[PDB]
Structure formats: C-alpha cells, structure tokens
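Right, one structure below, let's go through it.
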Amino acid sequence: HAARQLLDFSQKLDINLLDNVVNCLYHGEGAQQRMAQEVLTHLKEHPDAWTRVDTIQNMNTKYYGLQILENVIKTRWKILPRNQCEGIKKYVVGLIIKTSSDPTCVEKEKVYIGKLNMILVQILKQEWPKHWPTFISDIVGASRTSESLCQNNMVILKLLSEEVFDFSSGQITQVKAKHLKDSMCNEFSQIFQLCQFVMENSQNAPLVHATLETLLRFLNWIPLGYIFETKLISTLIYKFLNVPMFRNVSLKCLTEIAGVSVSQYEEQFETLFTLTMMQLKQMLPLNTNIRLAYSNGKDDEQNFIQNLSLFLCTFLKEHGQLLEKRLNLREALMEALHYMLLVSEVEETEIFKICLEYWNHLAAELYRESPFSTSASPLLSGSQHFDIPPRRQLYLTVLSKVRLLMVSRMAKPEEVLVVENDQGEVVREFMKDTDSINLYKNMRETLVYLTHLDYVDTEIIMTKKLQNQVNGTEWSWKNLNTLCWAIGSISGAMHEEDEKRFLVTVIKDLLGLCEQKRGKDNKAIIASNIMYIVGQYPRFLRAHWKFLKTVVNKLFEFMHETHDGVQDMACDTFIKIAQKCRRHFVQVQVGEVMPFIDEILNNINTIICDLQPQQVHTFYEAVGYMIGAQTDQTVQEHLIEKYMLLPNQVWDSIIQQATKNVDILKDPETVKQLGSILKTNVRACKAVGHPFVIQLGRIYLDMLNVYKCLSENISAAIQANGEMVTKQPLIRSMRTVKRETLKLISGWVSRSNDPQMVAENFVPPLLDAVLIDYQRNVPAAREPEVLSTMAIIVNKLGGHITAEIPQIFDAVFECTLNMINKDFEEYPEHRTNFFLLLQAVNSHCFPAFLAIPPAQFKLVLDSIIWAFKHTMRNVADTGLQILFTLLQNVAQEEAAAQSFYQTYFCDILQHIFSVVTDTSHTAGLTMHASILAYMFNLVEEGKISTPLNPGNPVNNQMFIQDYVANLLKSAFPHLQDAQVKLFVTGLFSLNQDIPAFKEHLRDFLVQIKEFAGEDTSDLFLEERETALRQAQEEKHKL
Amino acid sequence: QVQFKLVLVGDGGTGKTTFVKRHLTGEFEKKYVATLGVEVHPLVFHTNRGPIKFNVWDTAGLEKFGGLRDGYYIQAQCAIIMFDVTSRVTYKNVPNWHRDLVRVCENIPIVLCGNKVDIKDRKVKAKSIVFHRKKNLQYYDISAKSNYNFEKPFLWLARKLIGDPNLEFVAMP
Amino acid sequence: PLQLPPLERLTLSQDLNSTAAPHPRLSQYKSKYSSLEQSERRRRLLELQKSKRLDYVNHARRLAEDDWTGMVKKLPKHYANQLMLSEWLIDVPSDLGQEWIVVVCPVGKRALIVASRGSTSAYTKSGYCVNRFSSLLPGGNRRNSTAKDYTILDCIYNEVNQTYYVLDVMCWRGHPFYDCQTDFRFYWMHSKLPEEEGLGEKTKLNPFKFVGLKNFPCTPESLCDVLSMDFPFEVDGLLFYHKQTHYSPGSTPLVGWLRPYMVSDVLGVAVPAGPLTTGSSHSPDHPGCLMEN
Ligand SMILES: Nc1nc2c(ncn2[C@@H]2O[C@H](COP(=O)(O)OP(=O)(O)OP(=O)(O)O)[C@@H](O)[C@H]2O)c(=O)[nH]1
Ligand SMILES: [Mg+2]
C-alpha cells in the first residue's frame, strides 16, 4: 500500500511509520517502496522528531528520527532561534544522560547510543567554544562522579577528536577547524588528567578499555609533551600490555607513538623499546612457532601478531637507526630482529607484506652503505680485513636468514588469467600491476639487494635448496617452482663469469633430476622450470649459440607435446628468448653457414601444426622479432614475404572467391579464418615494426573492402532485427574482422616513421572505407573503436592530417554526438573514445578549429562542456584536459584570441562553477581549480577587450568579479554577501597557488550545504581576509 | 543453510553494482547508471558445508543519491568497501566509509576491494594501499570486467562467518 | 673451453623415433637414447601381441557420450591422445611391397572427429576442441539417432579446401573398428563415405566436406607413380600402414612417416615433382576485390 505519510498538518501517528521501517529492514520487494517513502519524508522539517523519539523493533525507528534531527543541526542550526538551539542542547544532553546512564546500553544497541553521542558532537561542532563554554569542564566532573557517565564520555571525546582532527578536511572550513583545533588543545590537560586518573585507579575493564581506545585516537595530535615527558609510556608497558584483553589496544598505541618522526626524545624511545621487548619475551616466548600460533588462533591471538608486525616494523624502520649506535641495546635489537624472522613464517599475505616492507628497507639501507661484497681472502697476517662495513656487520647472520626467506617463500612472478573476451573468444590475459605481482617485485628486489652484499651466500643457499630437491628429497612441485622462481629473479645480479658457473651447475642437476623422476607428470613440471630459468638468462644464451640453438629446438619439440600446459610453456619461453636474442637468429653464427631464421621459416608448418590458434599467433609474433633484427632492407624484405606466405595463401584464396560471389564474406568458416589471419597479421606487425608496410600495402585495399562488406552486413542485420542479433555467432565473428582490421591499421601507423607518406597513401582510403561507413551505419551498429583508431592516427600524424579534419569530423562528429547528447549513460565506449579523438585533434591539429566556421566551432566547444558534466570520471576529466589545453591553444594566436574571450569567456566560467558547486564532480577538484586560477590570472592582463557595454568604466577585473559574485549569489541566495565577496576576492589572490586555490573551493562547497544566515557571523574575515593577501603578495615578491 | 547481511559501500563509479551483477547474471554492465539509495540483492554460493546466502545491500556512492545512508548498515554481519585504482580520490575517501560503517557495526568481518585492476593505466599503485593494515581489514585486487579474484571477498567473509578456515566454493546443485 | 649442459636429452616421453623431433638421421646419427634404428622386431612383437584384452566397445561410447565415471595397456581417459601416431620410417620393411600401404597426407591439422548426440566435434592431439558444428556423419547432425549411433574418425583438416580428410575410422554407426586390420578399415572408408548423401559437399547441415584419403601399394613401380601424381591439396608427407595393424592410440612402428624428398633416397625412385625439397608520385598497391572506394 502507498501509505504516504508526509501529510503535514494531519495529526499523524507513529504506529504506521514504525511498520514501514520494519519492512525496510526485513521484508523484500516491499522494501523498495519502504525505502522510497522514508527517503521522501525528508521534505518539510522534523516536527515529528520529538513525537517519534519520545513515543517508544523500535530503536531502529528512533535511529531514523535521529538522522532527521542530525540533518537539522548541520543545516539550519545557525539560523535557528537561540532559545530553540538550547532547547535541543538539553534535549540531547538529557536524552544521552537518560540512555547513557541507562542500565542496559548494549541491547538498546550501542547503535542508538553512538548515534546520540554523534549528534552531540555534531552540536559541539557548531558552538562548543563560544556558546557551550563550561562543556569541557562539566563533562570531566560528571565523569568523576559517575563511572557510567564517564565511560560514555570517553566515547564522546573520541568522536570529537576524530571530527576535529581526523575528518575535518572537507566537512569543515579551513579557518573554523583551526579555531576548533586550538580550542581542543587549549583545554586538553584537564581531559588528560581524567584518562590518566582512570588508568592508574579504575578497576572497571570496559571503562578502561574505552579509555585506552579514546587514547589511541589522541596520539594523532596531542602535544608530544604528554607522551614522552609523562608516565604514559610506562603505564601502557607495565600495566596494560601484559594482560590479554588489553594487549592489542596497548600495542597499537605504542605503535602509533613509535612512529613519531622527531629528533627530540632519543632517550624515551630507547626505554620504550627495551621495556616492550621484556614484556614480549614473557608473553610470546622467542622459541614459539608463531606460524602455528596464528594457524591455530582466533580474532585475538591473530590481530596481536599483525599488530606486532606493525610495531616491530614501524619502530626499526624509524628509530632502528639509533638502536645500532648505542651498545646496551645491541642485544634487544637482535631479539627484535628474531621476532620478524618468526613472524615472517606466518602463512598470511598481509602480514608477510608488512615484514617484507622492513627487510627491503634494511637491505636497501645497507646497500647504500656499501654495494660490494667483502673481499673473501683474509689478510697475510691472519687478521680481519675490516672489509665489512660498520653497520652490515651487525646484521650479517640475520641477512643470511633473510636470503633463505626470499628463496623459500618467493612469490609467483607472472599471473596468467584466462578469460573470454567480449566475443566468446577464449584467451589468456596477462596481469601487469596486481598486488600479487607487486609482492614478487619486492621479493626479487630484496634478494637482488642481498645478493650484491654477498652473492656467494645466495648461491650456497640455492645450491642446498636445489640439492634437497634432488636427493635431500624435500621434493615437491610447490617448492621446486619456488626455488627456480627465486633463481630467475636474481638474473644479472652477479658478475657474468659467476653467473656462467652458477647456471651450468644449477640446470645440469635439474637436467639430472628430470631423468631420475618417473612419469610425464613430474618431468613436465621440471622441464618447465628448466625452461623458465634458461629464459631468464639471455646474457648466457647470447654468449653460447650452441646452447641457444639446443634450447630453441627443444622448445620446437615440446610444441608437439600433448601434456597439459607444456605447449603454453614452450611458446612463452620462445617468444621471450626471441625478443631478447633477436640478433642471433638473423646473423650467421660460428659453425653455421645460414641464419637460423631460414631453418625456422622453411619449417613453420611442421613446427606449429599441433598448436592451437592463439599459440600460433604467439609463435608468429616471436619470429616477427627476429625479422625486426635484419636491418638490411633487401634481405628483410625477402624474410617478410616468406614469413607471411602461409597466412597469405588463405587470404589470397578467400579473396578470389569473394570476387565471384560476395556472399562468401558471409560464410561462418571463411569469416572465422579472416579473423585468425588478421590476428596473425596484427602480431607480426607489433614485432616487425615499420618495415611491415610491405605486407600491409599488399592487402590494405582489399582488406578495407571486406571490412566494409561486413560492416554493411552487420548494420543491415541489426536494422532488420534490432540489437539482439549482435548476440550470436556470425555477427560477433564479423565484429572481430572489423576490430582486428582496426587494430592492424592503428597498430601500424603507431610504429610508422614517415608521416607524409602515411597521410598521402594509407589515410584517404580510410575515409570512404571506415569513416563514411561508420557514418552510414545504424546507431547500434557503429564501431566505437573506429573513433579511437582515428584518435591514435591523429596523435601520430599530427600536422600532416590537420587538413583532413574537415573530411573526418563531418562523418563521425555530429552523428556520434547525437548518440551521446540525450543522457549520460547510453553508448559508454562511444563517449570515452569520441573525446579521446576530440582531445587528439585539439591537441595536435588545433589549426583545424580555426578553419571551420564559428557555428561549427561553437558546436565543438559546447561538446566539451558536455564532457566535463559527465559522472563517468574518465569522460569528465578528458573534458577538462581538453578545455584546459584549448584555452592555452588560444593563448597563441593573438588575433583569434580576443574573439574567443569576447564570446566564450563568461560562458565557460559559468559552466565550470556549475560543476564545481555540484557534489558529484569532486574528483575533478584539482583540474577545476587549475582552469579557473589560469583564467583569473589571465584576467589581470591578457583579456584586453571590453566584456561589458560601457568601455573603460569597468576594467575586466571588476566586471568579472561582479559577474561571478552575481552568478554565485544568484545561484545560492542563502549565502550572505560577506561569504560571497570573500570567496570572489580569493579567486584573484590565490590565482598563483593551485593547492591553496583548491582549499578555497572546498570551503565554498561547505558553506553552500549550510545556511550561514545573516544572523550568526561565526566566520573569520579580518583573519582570513588578510591571510589571502599573504599569498597575493607572493606572486610579486620572490 | 542460513544467510547473512552484506553491506557494499564506496564512491560512485567504483563498480559496486557492476560487481554484484556479474555474480548473479554473469553479464558485465558497461554503462554507468548510479544507484539511488539501495538495491538489496540476494547472492548464493555453494560450499562444502552447505549453501550460503549473502543479502547484498548495494548502496549508493554519490552524495545526492545517498538515501538513509548510515541507516542501511544496521544489523549488518559483514561489509565490503570498494575503491577504483583508476581514481586515487576513491581510495582517499575509504577512511570516511569505514568510519560511518564501524560506528554502526562495531565488530564485523570487512573486506577492502581495489576494483578495475584490468585497466592497464593504474593510478593507485599497490605500494600505497595500506589502510586495511591498522584497521585489521582484509584486502584484495579485483576486476568485475575479467573475473580476477572474482570470488575472493565472498570466500573470505564465508570463512569468518561460518567459523571455518577451510570452507571452499564448489557449485554443487 | 666451454662445457655446457646436455639439454638435448631432456625428454617428456619415451616415444621411440618421435616425429616431434627431426629425423634420427640429422641430429646425430644413432641419435639419442629414446631413439632406435631397428623398427623391425618391435613390429612383429606388437602384431603377435594382437589379441583382445581391451574393451573397445565400451570406449567408443565414453568418447561419444563424454563419460569417464570409471565403472598395450590402457585407454586415454579423455579427448587427448586418441589418435594412432607414427614413428619415422627408419627400418624399411623387407616385405614392404606387398604388406604395406601408403597414404599421401595433406598439409593441415590432425584431429579426432566425434559425431554423437546430434553434434560433431573436432579435437586436436592435445585434446583441444577446435570446432563444434553440424555434419552428415551418422550422429553428427540434428536429424539423427538418439539411440546409440555414433562415429569416430581420424582426420586431417585443410583450411584452403575447408575439407576434413578422413585418414582412418575407429568407429562407424555405433560399432568399434579398432579391432580391425588397417586393410579392412581403409576399405570400409572408401566404401561407406561415398555412400553418404552429401557428406562430401558443403551445405547448411553439412558445412565441412568430408573426403576420404586414397591409399596406394608400396611396390617399387607404384611409389614412382605416386610421387608424380596430382592431389586436390598440397602434399605434406607420406604415411605407411602395415596392412595387419589394429588401431592403437599413441606411437607405433606399424605406421611410418616420411617427407616427399626422403623417399627417393631412402628406397630408390625418380625425383621430379615433390622430392624437390623446401606531376607524378609513387603509390603501388592493387586490389582484386574491386568495389566503390
Ligand atoms: N574497465 C573496467 N571498468 C569497470 C570495472 N568495473 C566497473 N567498471 C565500469 O565502471 C562503472 C561503474 O558502474 P557501477 O557498477 O554502477 O558503479 P557503482 O559503484 O555502482 O556507482 P554508484 O551506484 O553510484 O555508487 C561502469 O561503467 C562499469 O562499466 C572493471 O573492473 N574494469
Ligand atoms: Mg550501485
């Protein structure tokens, strides 16, 4: 039922509303209309506030009422009649006292309590100092009489602290927050006494824990004096840390204090550390299996370990520098370094990431002390070399353990993700920057640091690990993969000569392990690792042709292996090796009389006959790299012709048949082939580079014909049966020939190197084939990639295409614009791309925007406005980048410059403020501020024409400030003139400090959400007023 | 086979809705149509210890489409904060979301999800994502566009709620 | 002065004279360990070994109904390694001219065709599905038997001619042919293929034309005529089946392989055709399709 209950002056009940809330939280499809009505109740005001919270599944209904009350205090509080404000003060304070002194807080969930407390802080935020003077004192006294009225107060302070020091930025104006920051500081001692008294005397656990918790939020700002020049640290370590239900809060506090970046309290830190360690060695014995304690632990024994990671890591990373200089501490530091090593064995990615963060820092700190190994051989008189640098000396044996750690827990290097693309095409994707790959990166880096300080140690670690697999028989796939991952991660960290000795031993014995182990199961896992290792050391392959040769052939053999994954392994390695040894395949090696490529090319079919489609592409890409090495024109051309001979046969075949019956380019199978042929053509091009032109040219024209054939076949199918058709085999297949065709076209022009030749031959046929086709397509059939493909070519060709923008923009621009000008949702890709294109043209072909008529130009600029009004972050940002850039492009041509200002200046200014004052575009904050600042800074000189009717009477700076003031005040009439005038003035003073300019904007966004009212005037003119001129006078000073 | 209340929060365009759709339909929404208020979505996973149901309260990220914001969280039993690696702003606001949430839910298994890992030009390097550490939250790198670590957030929350560190999804009828 | 690892001996399988690697006469003469020079004796042992300990009737069904619930040694449990593969022909048979036969193979893709439950699927040696489609093979079209009538073929797929070249047959109309001498298997092919409506033609219900590969005697005079023939495809190599072989998946010396050039220098024959072993500016690219612009 509707049950709309806004009926204002109807003496409306409470038993009804109480029912809807119960549905918004329990029922189902009903909740749709339940939420749809309560969200609406927020219309007139909150007279229901009293009757509701008063009347009473009820706390939920009271929580609701509180939100309304909460909104009132954050919105119209300042323009409330004083007596009414105070009416709420007592209404809340008492409501709290009532329910905060309430015998049973938890059942009337801490939720209702917490929200109430929050509302009080909401109120304090609005008057605490000026109109609630006795507050801080009263709540202290109240705490010292009632334990209950104390515990909750410890929560009231925690919230107030967060709201003033932790979450003020954005929700509070800059100057008001400082006034609050002071107010909290000027009267904090009184409150510190309270917490302190509680800690030393209070027998009650909850009250105490909530006081330690309220303490954890204080250590973010309280004057250092309170921490290091009191008994605070001593209290936490002796009293609260040793006991179970306090060990976490206690430690988390110590951790926050251990991270102070100051050089004034060197003594306190030393004792803080050694004092903690004692407690630690009593709590968690240095001989316990920390991993088991975790594996076999709950949400208490687990967090402690995590907090231990944070404490240990944060402290050593900071004050660990001074733990070395002293001598008395040189013992507790080793104990601490011992914990980390135990903690590091915890099967838990997030904990292991924390520890690693330290190790990487340690091995880095000792790498800049000395990057070199110590001179192995002792002195003639048997003494010690000192070769060992001062600091590393202390960590020597710990470092060895850390090397063991990296070698035993090494993460997977690469991350394969199998996912089928938007076609049903199954593939293998490669992640690039996942968190996992970052873990690997750090491990590799730590071990690469340690290997430089002592590579002998590294090689010994790895030789024992490798041996234990071979006969020590701690053999398993998981470990063997880890050992070889680690081995490969240090490639190039040794002297070449050492690397040679290392590699030959390592794989020689793996080559033995693969023989003793039986079953294609084991042998494949081993062979892959061998193949991974040999793939990581091109330096070694590039010096030993015979080996390289033997490796490649082995890969060619593995390419007929039917055991799972082997063929993917063998291809990955081959492309890898080709890339890094490309030169050795095209130049004749010792012992040969013909470049290896030849053998490879005269056999492509016998090698890849058993590979899958995608693998065949990866293989073609690999040979492509070899081809790219032959710099000699003549020979590279012959190589290329034969390289593309196999795929060409299919092409040439499909083509002649299409020149007899064009219904063939409609054949499912032949279209499947045209796709794969093209896909092959795309990879070859990616590797061969520019020289590949000889190929593209050979098929460029026909390829466009078929593209257009398919593009017209698809559009018709859609026009005849609606979008739906796109969602079936043949169409999705035809889409593929189009998309790869576009990949190929753009993919080559990118790596081309003769702009003009490209603009005079490979561009004009694009017009009729791809552009006017995109034009004639039905909206649902147009390819978004057409726009992005064109964007790329503009970026490359630049000035050489500036004369074709007319012809291009015709086809795509207006027609595409009409697809994205109704709302902000439909045709996403078309939005994104279209503006990458518009960006590019404006960026590298600006002259075009001048050639066209003012009527067309306008249509372009207003399209940009349209961009930065988007809620899709990327589209709106591209719009600013364009606008910001466009403004600068205009700064060049003196003539056509002023005109722009006379016509668009104010219009653009208005539009920018339109999105600045909107709560939905807060991510363009920086770009927003940048553009404005630039425009205002421009106002003080540049614009030298009349914006107004009169002439000199109003300098642009005056008309512009008044135009803005008018626009802002007219758009936000609840603001008082002072608010606005202040703002507008800051726009010309902060015009040379974007960061400052930003804050200014952010402040105005706060004041609009609030009705400041001509009444209250708790702003800060004189203060801020001059503070703006401190910046206004930095532009002409230095 | 009992269920649980899962509240999903984050900035706009974060991919909250898109993430949920993927799970139930398997389809991927390319368009950005902002959620007004909330949209309860029941999700089901089949584990080795009986079926499990998540009531996904896909809330809104935008400020004007807020709703009964903090009001939705009540009675929650786990949560998922989500940000977009292509926009740092959506990671710097995470603290704000975790705030409102714990002031309503004092102790509930939460997960932090960095969405959009598939987009090559990632503006939020992993080195920076450390907020979960001191607040003892779980974290994962995800992509609704590639099903990368697709089911991690839910698998983890299940481990906690059913008090079993060895629960595994299987998709048995 | 360098002593580098013997990577050459790295091997996954124990397949003697594998075609996965170049001939044993190129690498190193007596090749390596898992390579032989005597294909002879093993052939006799394998043919003598001919008796039936394996249930092929039950296997064809599993292939056809994708069921591996479990209920010279064993049958591969999936779509990988179901094809009978050849070793290089090294130990040229003494009774070759009257006991062996040769099938001129085309360039393309070896596949396992499985037609059952109204559909036809082609897998690779690796068990990778390459295409699902409709066919006129007994059990491979939507108009067929939902009552135990499936087909399993060993084929080579050629792209230019969009034709699956049937190389052999291990199951037809629901009856396993594994337990049959190649002699018979081949006959059954060139006797039952052409007797299928339009199995050798392209239509909506049969997109891919199934064509049977001819075979010829291996007599001295015969091989000569073969090496100078014309085929509807480009020649890849030659297969040599011993007339008395059953069809056993995996490597076997009872069928050998050789490239066209290798023949007239491994036996003794002529060498013409196949033995030959492996203002004014410039804008120059012409189109065959020829449309508007
Ligand atoms: N490339 C890429 N895009 C994504 C991914 N996930 C979501 N998107 C896109 O980002 C936008 C996010 O849309 P939504 O799922 O509605 O985001 P939301 O969190 O629900 O936004 P609100 O409902 O306003 O809070 C959509 O356009 C998606 O197509 C992703 O993993 N990769
Ligand atoms: Mg949503």
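Just remember, in the structure tokens the first chain shown is A, the second B, etc., residues are 1-based per chain, and ligands are 1-based in the order shown.
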*May I ask you to write as a PyMOL selection string all residues lying at most 8 Å from ligand 1, with only C-alpha atoms and all ligand atoms counted?*
(chain A and resi 828+872) or (chain B and resi 9-20+28-36+58-62+65+82+115-119+142-146)
Give me a file of those residues, with N, CA and C atoms, as a CSV table (one decimal), in the first residue's frame.
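Written output follows (out.csv):
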```
chain,number,residue,atom,x,y,z
A,828,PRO,N,28.5,3.9,-23.8
A,828,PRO,CA,29.6,4.3,-23.0
A,828,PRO,C,30.9,4.4,-23.8
A,872,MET,N,30.8,9.9,-15.3
A,872,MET,CA,31.9,8.9,-15.6
A,872,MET,C,33.2,9.7,-15.4
B,9,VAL,N,29.8,-0.8,0.1
B,9,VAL,CA,30.0,0.7,0.0
B,9,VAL,C,31.2,1.2,-0.7
B,10,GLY,N,31.2,2.4,-1.2
B,10,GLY,CA,32.3,3.1,-1.9
B,10,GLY,C,31.8,4.3,-2.6
B,11,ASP,N,32.7,5.0,-3.3
B,11,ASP,CA,32.4,6.1,-4.1
B,11,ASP,C,31.6,5.7,-5.4
B,12,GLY,N,31.2,6.7,-6.1
B,12,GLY,CA,30.5,6.5,-7.4
B,12,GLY,C,31.4,5.9,-8.4
B,13,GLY,N,30.8,5.2,-9.4
B,13,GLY,CA,31.6,4.6,-10.5
B,13,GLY,C,32.7,3.6,-10.0
B,14,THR,N,32.6,3.3,-8.7
B,14,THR,CA,33.6,2.4,-8.1
B,14,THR,C,33.4,1.0,-8.7
B,15,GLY,N,32.2,0.6,-9.1
B,15,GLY,CA,31.9,-0.6,-9.7
B,15,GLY,C,31.1,-1.6,-8.7
B,16,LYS,N,30.5,-1.0,-7.7
B,16,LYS,CA,29.8,-1.8,-6.7
B,16,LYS,C,28.7,-2.5,-7.4
B,17,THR,N,27.8,-1.8,-8.1
B,17,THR,CA,26.7,-2.5,-8.8
B,17,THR,C,27.2,-3.5,-9.8
B,18,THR,N,28.1,-3.0,-10.7
B,18,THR,CA,28.7,-3.9,-11.7
B,18,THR,C,29.2,-5.2,-11.2
B,19,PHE,N,29.8,-5.1,-10.0
B,19,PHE,CA,30.4,-6.2,-9.3
B,19,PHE,C,29.3,-7.2,-9.0
B,20,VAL,N,28.2,-6.7,-8.4
B,20,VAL,CA,27.1,-7.6,-8.0
B,20,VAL,C,26.5,-8.3,-9.2
B,28,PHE,N,28.3,-8.4,-17.9
B,28,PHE,CA,29.0,-7.3,-17.5
B,28,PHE,C,28.5,-6.0,-18.0
B,29,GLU,N,28.0,-5.1,-17.1
B,29,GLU,CA,27.5,-3.8,-17.4
B,29,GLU,C,28.6,-2.8,-17.8
B,30,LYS,N,28.5,-2.3,-19.0
B,30,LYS,CA,29.5,-1.3,-19.5
B,30,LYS,C,29.0,0.1,-19.1
B,31,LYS,N,27.7,0.3,-18.9
B,31,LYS,CA,27.2,1.6,-18.7
B,31,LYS,C,27.2,2.0,-17.2
B,32,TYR,N,27.3,3.3,-16.9
B,32,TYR,CA,27.3,3.8,-15.5
B,32,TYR,C,25.9,4.5,-15.2
B,33,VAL,N,25.0,3.7,-14.6
B,33,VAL,CA,23.8,4.2,-14.1
B,33,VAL,C,23.7,4.2,-12.6
B,34,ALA,N,24.0,5.4,-12.0
B,34,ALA,CA,24.1,5.5,-10.5
B,34,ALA,C,22.9,4.9,-9.7
B,35,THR,N,23.2,4.2,-8.7
B,35,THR,CA,22.2,3.6,-7.8
B,35,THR,C,21.6,4.6,-6.9
B,36,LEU,N,20.2,4.8,-6.9
B,36,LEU,CA,19.5,5.6,-5.9
B,36,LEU,C,19.3,4.9,-4.6
B,58,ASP,N,23.6,-3.3,-1.9
B,58,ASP,CA,24.3,-2.4,-2.8
B,58,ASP,C,23.9,-1.0,-2.7
B,59,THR,N,24.6,-0.2,-1.8
B,59,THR,CA,24.2,1.2,-1.5
B,59,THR,C,24.7,2.1,-2.6
B,60,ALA,N,24.4,3.4,-2.4
B,60,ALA,CA,24.9,4.4,-3.4
B,60,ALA,C,26.2,5.1,-2.9
B,61,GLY,N,27.0,5.5,-3.9
B,61,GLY,CA,28.2,6.2,-3.5
B,61,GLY,C,28.1,7.7,-3.7
B,62,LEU,N,27.2,8.1,-4.5
B,62,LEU,CA,27.0,9.6,-4.8
B,62,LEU,C,26.4,10.2,-3.6
B,65,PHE,N,22.4,11.1,-4.0
B,65,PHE,CA,21.6,9.8,-4.1
B,65,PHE,C,21.8,9.0,-2.9
B,82,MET,N,34.8,-0.6,-1.3
B,82,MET,CA,35.4,-0.7,-2.6
B,82,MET,C,35.9,0.6,-3.2
B,115,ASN,N,39.0,-2.3,-7.1
B,115,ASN,CA,38.5,-2.7,-8.4
B,115,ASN,C,39.1,-2.1,-9.6
B,116,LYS,N,39.0,-2.6,-10.8
B,116,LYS,CA,39.5,-2.1,-12.0
B,116,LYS,C,40.9,-2.4,-12.3
B,117,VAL,N,41.5,-3.5,-11.7
B,117,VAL,CA,42.9,-3.9,-12.0
B,117,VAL,C,43.2,-4.2,-13.4
B,118,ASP,N,42.1,-4.5,-14.2
B,118,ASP,CA,42.3,-4.9,-15.6
B,118,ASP,C,42.8,-3.7,-16.5
B,119,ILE,N,42.4,-2.5,-16.1
B,119,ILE,CA,42.8,-1.3,-16.8
B,119,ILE,C,44.3,-1.0,-16.7
B,142,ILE,N,40.8,-6.8,-7.4
B,142,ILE,CA,39.7,-7.4,-8.2
B,142,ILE,C,39.4,-6.7,-9.5
B,143,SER,N,38.6,-7.4,-10.3
B,143,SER,CA,38.1,-6.9,-11.6
B,143,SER,C,36.8,-7.5,-12.0
B,144,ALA,N,35.8,-6.7,-12.1
B,144,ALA,CA,34.4,-7.2,-12.5
B,144,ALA,C,34.4,-7.4,-14.0
B,145,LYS,N,35.4,-6.9,-14.7
B,145,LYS,CA,35.5,-7.0,-16.1
B,145,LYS,C,36.2,-8.2,-16.6
B,146,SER,N,37.0,-8.9,-15.7
B,146,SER,CA,37.8,-10.0,-16.1
B,146,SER,C,37.6,-11.2,-15.1
```
_Can you pull out the residues contacting residue 36 (chain A)? Cut-off 12 Å, using only C-alpha atoms, and skip same-chain residues under 3 positions away; I want them as a list in words._
residues 2, 3, 4, 5, 20, 21, 23, 24, 29, 30, 31, 32, 33, 39, 40, 41 and 42 of chain A; 36, 37, 38, 39, 65, 67 and 68 of chain B
*asked:* I'd like the neighbourhood of region 880-897 of chain A as a list in words, where a residue qualifies if any of its atoms comes within 8 Å (using only C-alpha atoms), though same-chain residues fewer than 3 positions away should be ignored.
replied: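 Listing them by chain and then by number gives residues 838, 839, 842, 843, 846, 864, 867, 868, 876, 877, 900, 901, 927, 928 and 931 of chain A.
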_Show me, as a PyMOL selection string, the residues that have an atom within 8 Å of residue 193 (chain C) when counting only C-alpha atoms, minus same-chain residues fewer than 3 positions from it._
chain C and resi 189-190+196+199+211-212
*Please return, as a ChimeraX atom specification, all residues of chain A lying within 9 Å of chain B when only C-alpha atoms are considered.*
/A:24-25,28-29,31-32,35-36,38-39,60,63-64,67,110-112,114-115,167,252,303,306-307,310,350-351,354,417-421,431-436,438,824-829,871-874,919-920,922-923
*State, in Å with one decimal place, the distance from CA of residue 7 (chain B) to CA of residue 57 (chain B).*
4.7 Å
*Please provide the set of residues having any atom within 8 Å of region 686-693 of chain A, restricted to only C-alpha atoms, with same-chain residues fewer than 4 positions apart removed, written as a PyMOL selection string.*
chain A and resi 621-622+624-625+627-628+637+640+682+697+747-748+751-753
*For chain A against chain C, which residues fall within 6 Å using only C-alpha atoms, given as a list in words?*
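Putting it all together, I get residues 508, 520, 523, 557, 560, 562, 650, 659, 697, 698, 701 and 702 of chain A.
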_Applying 12 Å and only C-alpha atoms, which residues near residue 138 (chain A) remain after dropping the ones on its own chain fewer than 4 positions away? List them as a VMD selection string._
chain A and resid 93 132 to 134 142 to 145 149 to 150 153 190 to 191
_Can you pull out every residue from region 37-254 of chain C that DSSP, working from the backbone, puts in strand (DSSP E), and format the result as an NGL selection string?_
:C and (84-88 or 100-106 or 109-116 or 119-123 or 129-133 or 151-158 or 163-172 or 175-176 or 209-212 or 216-217 or 235-242 or 250-254)
*Tell me, as a PyMOL selection string, which residues lie within 10 Å of residue 258 (chain C), counting only C-alpha atoms; anything in the same chain fewer than 6 positions away does not count.*
chain C and resi 19+23+86-90+236-240+266
_Interatomic distance, CA of residue 926 (chain A) to CA of residue 169 (chain A) (Å, one decimal)_ = 15.3 Å
*asked:* Rounded to one decimal, what separation in Å do you get between CA of residue 243 (chain C) and CA of residue 139 (chain C)?
replied: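 One can read the CA of residue 243 (chain C) to CA of residue 139 (chain C) distance as 28.6 Å.
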_I'd like to know which residues of region 63-283 of chain C are helix (DSSP H, G or I) (by DSSP, run on the backbone); could you write them as a ChimeraX atom specification?_
/C:63-65,96-99,182-192,220-226,260-263
